[PDB]
Amino acid sequence: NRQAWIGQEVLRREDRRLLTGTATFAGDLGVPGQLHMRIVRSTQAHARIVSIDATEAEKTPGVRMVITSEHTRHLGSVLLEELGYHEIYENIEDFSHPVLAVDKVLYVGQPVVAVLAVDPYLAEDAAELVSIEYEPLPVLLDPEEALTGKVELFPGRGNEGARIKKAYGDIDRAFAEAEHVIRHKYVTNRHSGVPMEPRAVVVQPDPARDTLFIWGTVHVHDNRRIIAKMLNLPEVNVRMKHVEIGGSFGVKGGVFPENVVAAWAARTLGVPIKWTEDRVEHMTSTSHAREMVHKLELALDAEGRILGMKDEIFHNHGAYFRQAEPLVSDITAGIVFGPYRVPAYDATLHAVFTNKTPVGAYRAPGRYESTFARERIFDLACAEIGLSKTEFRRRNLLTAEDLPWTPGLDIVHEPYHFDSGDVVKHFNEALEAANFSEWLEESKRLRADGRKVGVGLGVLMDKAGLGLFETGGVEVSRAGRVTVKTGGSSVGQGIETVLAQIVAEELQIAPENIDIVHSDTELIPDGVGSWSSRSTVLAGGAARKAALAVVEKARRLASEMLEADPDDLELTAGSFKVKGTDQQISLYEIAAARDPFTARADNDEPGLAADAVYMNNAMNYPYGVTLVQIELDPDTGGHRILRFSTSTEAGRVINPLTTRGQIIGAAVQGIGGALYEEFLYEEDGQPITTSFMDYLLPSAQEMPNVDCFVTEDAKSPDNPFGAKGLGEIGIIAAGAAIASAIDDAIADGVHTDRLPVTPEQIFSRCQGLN
Amino acid sequence: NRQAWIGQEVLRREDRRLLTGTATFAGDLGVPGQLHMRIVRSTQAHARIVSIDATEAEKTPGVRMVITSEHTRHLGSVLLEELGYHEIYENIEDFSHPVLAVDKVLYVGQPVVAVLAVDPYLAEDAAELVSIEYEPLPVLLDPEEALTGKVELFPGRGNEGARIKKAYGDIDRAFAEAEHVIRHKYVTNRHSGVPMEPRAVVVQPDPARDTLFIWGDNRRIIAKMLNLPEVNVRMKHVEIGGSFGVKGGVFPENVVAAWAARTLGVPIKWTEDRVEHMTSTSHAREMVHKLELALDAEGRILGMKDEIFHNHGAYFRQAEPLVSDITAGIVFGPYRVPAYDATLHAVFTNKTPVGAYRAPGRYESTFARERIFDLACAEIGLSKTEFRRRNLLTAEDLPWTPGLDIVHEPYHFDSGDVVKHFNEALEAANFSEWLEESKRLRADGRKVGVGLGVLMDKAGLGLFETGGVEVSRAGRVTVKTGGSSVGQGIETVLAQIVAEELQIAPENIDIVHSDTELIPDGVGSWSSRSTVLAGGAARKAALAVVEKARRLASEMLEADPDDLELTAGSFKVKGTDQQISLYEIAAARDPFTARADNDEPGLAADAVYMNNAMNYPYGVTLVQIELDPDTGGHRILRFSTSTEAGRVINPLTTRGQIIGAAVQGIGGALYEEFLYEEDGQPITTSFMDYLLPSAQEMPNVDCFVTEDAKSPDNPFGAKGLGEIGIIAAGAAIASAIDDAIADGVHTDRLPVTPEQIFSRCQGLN
Amino acid sequence: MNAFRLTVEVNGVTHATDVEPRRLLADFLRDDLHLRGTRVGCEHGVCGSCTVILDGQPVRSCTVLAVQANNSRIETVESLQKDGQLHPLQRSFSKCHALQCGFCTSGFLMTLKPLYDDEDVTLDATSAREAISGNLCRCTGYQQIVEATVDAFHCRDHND
Amino acid sequence: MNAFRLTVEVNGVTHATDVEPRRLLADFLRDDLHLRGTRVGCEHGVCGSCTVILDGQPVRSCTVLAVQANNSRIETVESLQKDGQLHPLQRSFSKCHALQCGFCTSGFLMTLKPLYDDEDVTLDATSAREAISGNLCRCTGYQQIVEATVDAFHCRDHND
Ligand SMILES: Nc1ccn([C@@H]2O[C@H](COP(=O)(O)OP(=O)(O)OC[C@H]3Oc4nc5nc(N)nc(O)c5nc4C(S)=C3S)[C@@H](O)[C@H]2O)c(=O)n1
Ligand SMILES: Nc1ccn([C@@H]2O[C@H](COP(=O)(O)OP(=O)(O)OC[C@H]3Oc4nc5nc(N)nc(O)c5nc4C(S)=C3S)[C@@H](O)[C@H]2O)c(=O)n1
Ligand code: FES
Ligand code: FES
Ligand code: FES
Ligand code: FES
Ligand SMILES: [Mo]
Ligand SMILES: [Mo]
């Protein structure tokens with residue numbers, strides 16, 4: 001019996017917690033003697049202040065204290081972000097406010113003053129009574145007029161952002177010797193993750209001062225490292241506790257001003273502090289994303305093959321870096337080329353500042369915005385060259401042949417180098433088999449008195465190792481069960497299930513008996529976290545050589561327990577059959593026997609100096625094509641997405657049932673970005689989309705009756721097991737394909753630039769009939 | 001250079017927590033949604049039952065549930081003792097409740113039924129309304145009557161304990177080959193610790209497919225009984241206010257809480273009533289000693305002998321019968337003892353189950369000996385003092401691997417007295433003695449007495465004790481230990497040990513313990529153990545970090561070198577031109593490919609472990625009482641206990657332990673006894689009946705008298721000290737009293753009541 | 001100045017407690033009736049999680065002051081499970097991976113509950129979508145939920 | 001069964017709360033006032049830890065119903081330290097190692113407090129013992145406590 005578990009559809013381990021409601025979330029936590037923090041936020045977009053009136057706030061009963069800026073610029077550093085630095089140069093700042101500075105305000109929703117009261121009702125009751133008089137300054141909003149820079153945000157100025165540049169060989173000759181040279185600029189919409197759980201933090205101090213407990217949800221819960229350094233009380237003593245999270249999409253990823261204010265205030269009062277975000281707040285305070293300006297250029301010959309490709313990008317970072325370091329901007333500038341033959345290139349990314357909510361990293365950050373413009377310049381190019389988008393992408397995709405194809409673009413640091421180590425294979429048979437699966441041609445064939453069709457491709461910077469390591473640990477027990485410690489984090493995508501399978505496979509124990517513990521920094525003093533579709537080959541790779549450390553620790557230890565040497569039958573139950581077929585020793589009894597007999601019955605080998613797990617220089621790049629067909633009502637602005645199918649090649653799907661969730665779910669978040677979601681600021685500076693009535697989240701009825709999934713496990717990469725990151729591959733080309741279809745269905749020019757596609761824009765067909 | 005921390009009077013670290021009110025105790029803990037547990041305890045010393053199901057308890061609004069034996073008996077099974085020797089007979093029998101009885105009841109105080117309410121007031125409110133039907137049964141109380149039929153506690157075959165014997169040499173031919181042979185039967189008290197904090201437990205479940213959080217390393221049992229591991233612990237740190245070995249390990253209350261917290265997903269809190277404590281928790285001290293002693297015309301020992309009956313109370317908690325095994329081993333103390341027969345009975349009666357009170361079995365045995373000695377010094381007339389001077393140790397004949405079945409304490413293997421010379425202690429520890437003698441100047445002052453104490457401190461313990469050292473960023477070091485802070489200033493002793501080896505002020509060391517998530521494995525703090533053990537861990541770890549630094553901080557700069565000047569907190573290189581700090585090394589090496597510290601004790605082949613550590617401390621106690629012949633009150637005019645012990649890590653806190661321990665013993669000598677009426681009902685249940693010593697009665701005087709002689713063979717050669725203060729406080733007082741009448745050393749039954757000091761005019765007649 | 005005494009039935013257990021009028025039902029059902037099962041995402045009758053059974057009708061625990069619920073039956077997600085066995089709706093939701101994060105699970109489940117318990121109707125993919133539409137999710141999106149609900153209604157009725 | 005409205009000034013801070021009459025002051029001070037500094041050992045005015053300053057006079061917080069403290073000033077061991085500094089008594093208690101567990105520390109310290117603050121008397125070893133005698137300890141043997149109190153009174157008066 002060699003029961004296999006990886007690749008199998010097994011129902012999630014997380015399911016029952018969430019279904020019954022036994023699972024606790026950050027907002028669910030209660031601690032006796034709690035104080036409830038409410039935050040007085042900005043009402044100006046750009047303003048310096050004189051704030052001294054919390055008098056009637058301080059004097060309403062039930063309120064224990066009101067925290068001003070002067071409390072917190074103290075010690076009271078300003079929000080550091082970490083490695084990925086060089087640095088070039090420099091950093092400060094942003095970081096955010098970073099904590100309430102008693103001088104200037106750089107966006108509506110910025111923390112200025114925190115109150116502390118007994119119940120959250122009384123907390124904001126006192127928050128109203130706080131008065132701050134403002135000097136309104138001029139307001140910056142357009143990324144392009146940020147750097148043509150009058151109206152400077154920082155008085156030190158403090159050039160807006162960081163300028164990233166990457167460019168191969170001889171693009172001067174690649175362009176100069178081209179027949180069709182194509183220039184167009186694209187604009188992406190400002191939108192984010194907007195998960196269902198708003199941000200929430202609970203801090204309990206151990207006033208014995210020794211320590212501090214944080215049931216806050218800080219999204220690398222092993223980034224106590226920041227709070228520690230900031231508060232100067234490091235590094236244990238800041239012991240983080242595990243909580244379930246209601247979705248993040250990287251939008252919650254990192255340290256916020258709220259996190260430190262609470263932690264500081266908790267420490268210096270010896271009193272537990274609780275914080276729970278407004279949705280409204282979330283819309284003006286939680287990290288933004290997606291807003292770019294994509295000037296692009298192409299070099300093409302009479303064949304239609306690529307020769308040269310690129311110009312400048314303007315990433316609008318909002319007002320501040322927020323562990324939203326060039327990281328994403330650096331990634332974006334690395335992969336606006338995707339999985340194509342691109343002889344040369346010229347990135348000049350301008351990460352810039354405006355009076356908006358500080359930009360973090362939304363699901364597939366910088367790659368939704370880039371694979372849009374890239375596929376919106378390719379579609380446009382087919383208009384002049386004259387012939388099909390299908391057979392353009394078809395023969396200048398990614399020659400292989402070529403593979404390994406060390407590019408092709410830069411000067412390749414994505415995010416460091418060198419890459420693209422595209423050792424993973426056949427670029428094309430995906431697109432080929434993806435349309436041989438099976439329609440596309442079948443309703444390009446349309447009697448089409450309705451409307452039309454679209455395409456788009458997405459490669460992914462999706463195992464950001466991180467580099468070198470990731471920790472893991474497996475433990476067998478006296479009670480039948482198995483325990484797995486990991487540096488992973490259940491944002492709700494099924495890590496605790498995937499790892500259980502990985503361990504199940506290697507240990508020959510049902511994934512039911514295995515439990516997984518994460519984000520509890522007392523058990524797990526070191527872990528990396530969960531971002532950039534990574535946690536399987538990294539943390540699952542940790543789980544493997546952990547479970548593989550026990551099998552030796554056990555099988556070796558079992559040969560000593562009976563007297564048979566390490567050869568037997570073949571050895572799994574999980575237990576130990578020597579011979580064929582006398583006797584046996586179970587895997588748990590082995591562990592139960594290693595008690596206080598001079599020892600210990602467990603493993604945790606990742607890692608040491610010269611790390612473990614080892615994933616270094618080159619990450620895997622998964623690639624995928626999205627296929628869409630839309631109908632449109634022209635007398636109004638309506639549309640009904642008739643068909644949808646994202647198909648992505650990624651070696652070794654670990655859990656097919658759950659990966660389907662990660663593909664479909666993401667794809668919808670893409671349609672949300674493509675046709676519904678935009679943060680609208682009024683020309684003076686105030687946010688307009690603050691409620692849910694304004695910001696449009698896709699609902700059940702409007703979505704495609706099915707997103708089809710075409711994944712194949714050809715060409716496993718060489719990081720055993722040969723698997724890929726898949727938690728982002730849904731949204732990548734969701735924007736471009738929708739756009740192409742809309743332009744194909746009208747039909748004028750293939751000339752759409754700005755997302756989203758509002759119903760007002762989409763009667764420019766009233767023009768067509770006129 | 002640099003300065004020294006070890007052996008220096010350093011103000012302890014625990015102080016500030018306790019002084020200010022930041023310090024958390026299990027009872028101080030509150031958790032939202034809490035259920036307050038009140039336990040309905042036994043009111044019969046011995047009976048079978050026909051319980052109600054209230055109903056009238058469960059009916060009272062605010063009552064969520066009532067736990068009977070129905071729930072807890074399936075399961076977990078009976079409480080589970082400990083390692084792992086002693087499994088040579090087969091109990092249960094006992095353990096304790098276990099966990100709730102619906103068959104027989106075996107002592108007033110035994111948990112029968114637990115209620116669960118919203119506040120603790122409604123708990124006791126409804127617990128009253130529970131009615132239990134009883135059928136009384138013949139009540140056992142006397143240890144001797146216990147073993148000779150006719151009444152039984154475990155009505156099967158059991159039936160009344162364990163028999164522990166130890167012998168070698170020829171006892172009888174030594175008894176035949178002797179002029180003077182001495183016999184007497186001594187009877188000892190029933191005390192316990194009775195600390196100022198009563199027992200308290202809080203349990204928080206993570207009801208989502210997970211764990212339990214517990215506040216109050218023997219997780220191991222609860223985990224097993226609930227079949228909840230792999231732990232899944234999760235024992236959390238709380239400061240404790242006095243164990244004295246009374247709070248021991250696992251109680252019935254401990255496991256009921258966990259069960260109920262688990263099967264409900266509701267926070268459960270329990271805090272003990274004082275009346276409960278005096279009837280529920282570890283009793284001790286109750287022993288009978290038959291003693292035979294053989295002597296030549298010179299008066300040296302040729303052999304000891306006879307029976308001991310330990311009244312274990314109703315069940316086997318911890319000790320198990322570790323205490324009863326130990327006692328039968330060291331009734332001979334520090335002496336030339338050629339051979340003896342030592343036979344011990346661990347017996348049961350309808351009383352609160354026995355645990356390991358400070359120096360368990362040592363107060364008891366040390367009485368019987370230094371009283372069978374004063375009696376030989378009466379019957380041969382030879383001087384009480386120089387008897388011991390003639391007849392303690394073998395100055396030259398060391399190592400002294402003892403005669404009889406020894407060491408076997410508790411087991412494997414050896415042993416013997418290699419700790420320093422005995423007498424020049426007794427000799428040198430007589431500052432003030434012989435002029436304390438000059439009495440009466442015919443008066444009413446009367447008393448002078450002596451007592452002697454070996455201690456199986458050490459009790460390896462053992463084999464190991466985990467430790468760990470972390471240096472990082474902000475100028476502080478964090479030390480994790482398997483030990484427990486109970487009040488002895490363990491967090492300080494380690495702070496010194498580490499500070500010395502690390503070249504950094506102890507004001508910068510913080511100590512973490514008893515957080516089982518952080519500390520996956522460890523032993524506790526028992527029989528005067530941890531300073532050698534858990535300190536030897538802290539050394540081993542702090543000795544590892546220095547090699548991590550002074551060899552991989554060699555590469556951070558140039559060169560190997562490798563160098564002069566090892567540390568002043570940092571490392572000035574090859575001369576006094578500048579250096580890398582020790583925190584700066586740690587600050588550098590965290591995301592860069594590795595982590596910047598050490599938890600070297602230990603690996604698959606163990607560490608730190610000081611292995612069966614012998615390490616026997618020793619000393620004298622010197623007592624001068626005044627008596628008031630009618631009233632029979634007394635004023636201890638002078639008191640001085642003596643101790644030779646290894647290195648003595650901290651003189652200030654060691655003084656506290658010694659002085660503190662004595663007062664507990666003096667309390668046992670003249671104040672404390674658990675009293676019972678004929679029907680088995682406990683009498684001394686409040687504080688007015690059980691008399692703890694107070695400020696006025698105790699000697700303004702206690703002379704610290706410690707000597708650093710030959711260190712043992714366990715690094716920086718140290719000894720266990722937290723139990724030697726008490727040892728002889730029994731024997732010395734009694735001999736002092738009998739010298740104080742006089743009519744000669746004929747007192748047995750402790751304590752010494754003033755009614756007993758009504759030999760007043762039975763001295764005149 | 002003004003306290004109000006609630007007499008409410010929640011998941012069977014009746015409660016009597018004094019609450020200030022302005023506390024919303026959602027906050028009341030989480031404190032101190034520690035039934036964290038009900039979850040709060042939006043703040044104005046949109047997110048869905050909010051949703052609870054009030055007197056048989058699904059309403060938002062978030063647009064109702066706790067005080068308005070006096071003398072009424074209330075049921076939350078905690079009330080589905082009956083002795084270990086997950087209510088079939090919960091089973092098919094796991095059988096079809098109808099949930100990844102957890103938030104949009106009280107909301108949908110409680111919306112679907114009275115619809116389930118009443119003998120009609122069938123729920124086909126089209127009519128299934130319309131049913132759940134009152135609840136938002138940012139993870140699935142719905143495809144599997146729609147697939148999950150349907151499955152639940154087949155083992156319900158035609159059922160071998 | 002009808003709660004009483006209590007008004008008490010604790011450590012300068014005023015409070016207004018309904019309590020049921022039967023609640024002991026000790027339990028009131030610990031809950032919900034969340035000053036765990038006051039500790040409870042015996043249950044009948046013996047242990048000492050119990051002890052608190054009531055209206056300037058040290059009394060047992062455990063032989064007094066909370067309701068009996070209405071419109072009165074109460075001080076606990078929490079009120080000693082002012083602005084990071086430990087009050088002289090606490091400082092000397094550490095200087096002489098006058099504590100080991102922690103329990104018999106609120107009790108003694110609060111008993112000694114008004115005695116300290118008032119200009120008389122000296123406290124010599126004999127008169128020192130009689131002062132603390134109202135409090136029990138099972139760890140120190142009082143010897144060091146008696147030594148600790150004396151030290152506190154020398155830096156107090158004859159100060160250099
Ligand atoms: N059942 C699964 C789950 C994940 N994977 C893949 O294996 C890795 C393990 O996941 P992880 O490393 O956590 O991926 P990320 O750290 O990038 O996070 C998951 C991904 O997809 C997500 N899915 C989410 N789903 C829910 N319900 N809620 C969120 O907040 C989520 N947030 C995210 C975010 S953020 C991203 S970017 C990922 O590469 C993923 O593509 C898989 O093969 N099978
Ligand atoms: N400042 C100190 C403290 C202890 N030691 C010695 O070094 C060892 C470290 O202490 P530990 O290992 O805890 O010794 P025990 O486990 O035997 O506990 C200490 C001892 O003495 C005690 N002292 C106590 N003091 C207080 N205030 N409260 C308790 O509950 C105490 N409980 C005990 C108990 S139990 C005993 S038996 C002990 O052998 C002790 O003798 C030392 O040299 N210097
Ligand atoms: S928050 Fe109340 S309904 Fe969405
Ligand atoms: S809401 Fe995040 S998983 Fe459905
Ligand atoms: S316990 Fe209340 S007075 Fe001692
Ligand atoms: S240390 Fe336990 S009472 Fe003083
Ligand atoms: Mo992400
Ligand atoms: Mo002890």
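Header says: X-ray crystallography, 3.4 Å.
Placement of Cβ uses the backbone N, Cα and C atoms for every residue, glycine included.
Features reported for this protein in Swiss-Prot:
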BINDING   D:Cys42, D:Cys47, D:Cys50, D:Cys62  [2Fe-2S] cluster 1 binding site
BINDING   D:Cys101, D:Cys104, D:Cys137, D:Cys139  [2Fe-2S] cluster 2 binding site
Practice item. Using all protein chains in view, find how many other C-beta atoms are within 10 Å of the C-beta of D:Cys42 ([2Fe-2S] cluster 1 binding site). Key: 22
Check your understanding: What are the other residues, in sequence order, whose C-beta lies within 8 angstroms of the center of the C-beta atoms of D:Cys42, D:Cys47, D:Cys50, D:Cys62 at the [2Fe-2S] cluster 1 site?
Key -> D:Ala26, D:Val40, D:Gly41, D:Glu43, D:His44, D:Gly45, D:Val46, D:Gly48, D:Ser49, D:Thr51, D:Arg60, D:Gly107
Study note, to complete from the structure: argmin Cα dist to D:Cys137 ([2Fe-2S] cluster 2 binding site) over the binding-site residues D:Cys42, D:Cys47, D:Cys50, D:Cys62 returns D:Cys47
Revision key, fill the gap. Cα-Cα, D:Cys47 ([2Fe-2S] cluster 1 binding site) versus D:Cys104 ([2Fe-2S] cluster 2 binding site), nearest Å, comes out at 8
Point to revise | Closest of D:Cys42, D:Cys50, D:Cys62 to D:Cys104 ([2Fe-2S] cluster 2 binding site), Cα positions, binding-site residues only | key: D:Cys50
Study note, to complete from the structure: DSSP, reduced to three states, assigns D:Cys137 ([2Fe-2S] cluster 2 binding site) to coil
Check your understanding: Cα of D:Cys50 ([2Fe-2S] cluster 1 binding site) to Cα of D:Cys101 ([2Fe-2S] cluster 2 binding site): how many Å, rounded?
Key -> 15
Review point. At the Cα level, what's the spacing in Å between D:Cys62 ([2Fe-2S] cluster 1 binding site) and D:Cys139 ([2Fe-2S] cluster 2 binding site), rounded?
Key: 22
Check your understanding: ligand 5: which of the binding-site residues D:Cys101, D:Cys104, D:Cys137, D:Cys139 have a Cβ closer than 6 angstroms to it?
Key -> none
Exercise for review: Fill in the CA-CA distance, D:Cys139 ([2Fe-2S] cluster 2 binding site) to D:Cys42 ([2Fe-2S] cluster 1 binding site), as an integer in Å.
Suggested key: 16
Revision key, fill the gap. With neighbours defined as other CB atoms within 10 A, the best-packed of the binding-site residues D:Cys62, D:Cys137 is D:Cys137
Check your understanding: 10 Å Cβ neighbour count around D:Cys50 ([2Fe-2S] cluster 1 binding site)?
Key -> 28
Review point. Within 10 Å of the Cβ of D:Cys101 ([2Fe-2S] cluster 2 binding site), how many other Cβ atoms can be counted across all chains shown?
Key: 29
**Study point:** DSSP state at D:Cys62 ([2Fe-2S] cluster 1 binding site), helix/strand/coil
**Key:** coil
Review point. C-alpha of D:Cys42 ([2Fe-2S] cluster 1 binding site) to C-alpha of D:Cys101 ([2Fe-2S] cluster 2 binding site): distance in Å?
Key: 15
Practice item. Scan D:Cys47, D:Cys101, D:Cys104, D:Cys137, D:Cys139 for binding-site residues whose C-beta lands under 6 Å from an atom of ligand 2 and note them, or write none. Key: D:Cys101, D:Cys139
Practice item. Consider only the binding-site residues D:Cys47, D:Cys62, D:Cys139: which of them have a Cβ under 6 Å from an atom of ligand 6? Write none if no residue does. Key: D:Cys139
Check your understanding: Looking only at D:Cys47, D:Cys104, which of these binding-site residues has the biggest number of Cβ atoms within 10 Å around its Cβ?
Key -> D:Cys104
Revision key, fill the gap. Cβ contacts within 10 Å for D:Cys139 ([2Fe-2S] cluster 2 binding site), all chains included, total 29
